[PDB]
Every structure is written in structure tokens, then in C-alpha cells.
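Listed below, chain by chain, are the residues.
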Amino acid sequence: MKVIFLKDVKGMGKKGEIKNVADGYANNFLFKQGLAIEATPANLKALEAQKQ
Ligand SMILES: [Cl-]
Ligand SMILES: [Cl-]
Ligand SMILES: [Cl-]
Ligand SMILES: [Cl-]
Ligand SMILES: [Zn+2]
Ligand SMILES: [Zn+2]
Ligand SMILES: [Zn+2]
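Engineer: Break down the overall build of the protein chain for me, citing the residues and quoting the values.
Structural biologist: Tallying secondary structure elements over the protein chain gives two helices and three strands in all. Here the C-alpha atoms of the protein chain give a radius of gyration of 10 Å, agreeing with the 10 Å that 2.2 N^0.38 yields for 52 residues. Counting only C-alpha atoms and orienting by the principal axes, one finds that the protein chain spans roughly 30 × 20 × 15 Å. In the protein chain, which comprises 52 residues, the share counted as buried stands at 25%. Across the protein chain, every contact between residues at least 6 apart in sequence was considered, and the portion connecting residues at least 24 apart equals 42%. Accessible surface computed for the protein chain: about 3,800 Å², of which carbon and sulfur atoms make up 53%.

Criteria and thresholds
Residues numbered from 1 in each chain as written, not as in the entry; some residues may be left out. Chains lettered and ligands numbered in written order. Heavy atoms only, no water. Helix = DSSP H or I, 4+ residues; strand = E, 2+ residues; numbered from the N terminus. Rg over C-alpha atoms; globule rule 2.2 N^0.38 Å. Buried < 20%, exposed > 50% of the residue type's maximum accessible area, 1.4 Å probe, protein only. Contact = heavy atoms within 4.5 Å. Areas by Shrake-Rupley, 256 points an atom, 1.4 Å probe, with all protein chains shown as cover.

Written as C-alpha cells, this is what we have:
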């Protein structure tokens, strides 16, 4: 699973970084805790638009 971090997770990734991680971790921890979202082209396009 490719994710973009929304918050800093020490030892894992900083806000704005894009990293591939185990699906279980993404689904059960990162997404569950609101720390990241999937880095799909669609999500990235939407995130860029809001920042601008
Ligand atoms: Cl995977
Ligand atoms: Cl930071
Ligand atoms: Cl920081
Ligand atoms: Cl896992
Ligand atoms: Zn995966
Ligand atoms: Zn930070
Ligand atoms: Zn697991």
C-alpha cells in the first residue's frame, strides 16, 4: 500500500512523504488513526488542489 502521511509518525514517515507499507498496517493503524491516506493519483490530485 502506497500512503501519503498527514501527520508525522516517528520512525515511519513525515507529513507529506510517500511510502509503501504493509497493507495490514495501513488499514489497521495508519488510516484508522488518521495518520495517512492512500497515495492514489486521485487522492494526490485532491490534496494538491486543497493546499493551493
Ligand atoms: Cl502491500
Ligand atoms: Cl515534521
Ligand atoms: Cl516536524
Ligand atoms: Cl502488517
Ligand atoms: Zn499493499
Ligand atoms: Zn512535523
Ligand atoms: Zn499485519
